[PDB]
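Okay, so we've got a single protein chain in two different forms coming up as structure tokens, structure 1 first and structure 2 after it.
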Structure 1
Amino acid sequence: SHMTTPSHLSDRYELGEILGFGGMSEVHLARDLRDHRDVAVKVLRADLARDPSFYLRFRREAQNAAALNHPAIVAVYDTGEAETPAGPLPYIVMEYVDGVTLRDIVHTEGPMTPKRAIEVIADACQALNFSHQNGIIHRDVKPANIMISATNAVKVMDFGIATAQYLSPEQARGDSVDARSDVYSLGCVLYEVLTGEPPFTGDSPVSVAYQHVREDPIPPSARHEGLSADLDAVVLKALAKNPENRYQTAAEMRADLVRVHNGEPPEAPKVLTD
């Protein structure tokens, strides 16, 4: 009813400006006064925090937020919970990225140049490769979970926690999830940064999930100008319905992105349009 986010958490983190929000959390820039470090603190949203479902969900996700050490992955530093007069306010402390999500880039700027999109997604592949080698499937690859920093570094975040626009067909069906599910979802992001649109939209998540399972994506070159057939092949391989027909690893996907960036033919099956 009237929870508000305090100016200090746990007498160590002094909150500065609000950076963003999502369906659960509000993310603030903060100063870690103990380590003299600027950090991002993800706090359960004040307007949701007294709602038992949301509180409990936040706690279940905080204890599963994967802590990986890689230049393209947002580090997770700590978790905690502030006592306030309105009740407990749980939070996660993570690496601060001064930058913009791919969601916000596509919204405000439209599609990226193809070379830039290739570069960003190839860097995201490195993050995912590292995660997979450490036994962690991301599970929630989407444009909001990839940022480009002010120094043009790619940062992927929010790994390992178990919208419908970016789910893999196997997630839509409740089947087993593995590295190829992250490939598919990253293929959805690639599709969107190239064309300005996700592959599938609909009036409900049931309708969007149905499309992931049953309907072929419109080839990117048909959705938007300046896109090559070689890029169609790479994107549509990532988006193959059967996991066995996708890139089997994030590294394999990267290798094809690197070919296309260099004007070399990709290994992905050719796609013909008219």
Structure 2
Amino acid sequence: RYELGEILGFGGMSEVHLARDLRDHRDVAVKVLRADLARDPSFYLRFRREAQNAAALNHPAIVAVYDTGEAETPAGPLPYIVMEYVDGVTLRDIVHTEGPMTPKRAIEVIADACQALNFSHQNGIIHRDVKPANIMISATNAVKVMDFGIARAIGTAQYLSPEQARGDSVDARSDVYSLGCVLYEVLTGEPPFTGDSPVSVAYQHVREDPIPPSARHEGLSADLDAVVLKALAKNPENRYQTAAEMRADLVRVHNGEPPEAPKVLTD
């Protein structure tokens, strides 16, 4: 049924191919688990759980899952996920090839991502892995959020929240933080915290205030700083409490109104 074509991308756990669905005559994206990792029950299981979770989320700003299954190969079972094809590019790719977005475009993209997260949140689903590589922009300029994570027993870590680094509890305000990180990066060209290892970035997330975006790149404003720095507050109580509160402040800033977030001052 699915004639596989060119690879679209590589992630840490998978290869994603373009394919033609021969029945419905559409282009789909097929995510196939890396053959080496499929031998490890823990990766095989993670892959299966992620697909199931993502099939429970139907929304125009979330990449849809169409089908699941396992190919019986000479080397063994190889699981895959058939999903909505996004003809486009990730924010990671965008920052890499074109650099930071204009403030207005950044705001728009991140406000549209807030709608995917608000929808998932209200279905009791936390993304857990919000990061530039998991948000695409289509060739018609649609924002698409993908690769929602899964709840676990009690890729990169550069966008995780402080609670995640500490192994503390994780709710919608973790997504808010991580979306703040992405926003930070599409405005400035850099994630808020960088370092020569993951242990060092984790420490930064937990303990060090981010440089205000306006201090790191030209063409930004104090209002925009206020919003970004509020999503990046170390304590979830000080962040936007919902994706919708965050989007509301983004829309105010887009429209030239003062945000509700606390003022950020610099000298």
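In this text, rigid core is short for the largest set of C-alphas that superpose within 1.5 Å between two forms. The first residue in the sequence of structure 1 is number 1, and each one after it adds one.
Following superposition on the rigid core between the two structures, the residue from 59, 70, 224, 241 with a C-alpha displacement of 2 angstroms or more is 59, and no other. Residue 215 shows a C-alpha shift below 2 Å between the two structures [criterion: core-superposed Cα displacement of 2 Å]. The Cα position of residue 46 differs by 2 Å or more between the two structures after fitting on the rigid core. The Cα position of residue 34 changes by 2.7 Å between the two structures once both are aligned on the rigid core. Core-based superposition between the two structures puts the Cα shift at residue 93 at 1.1 Å.
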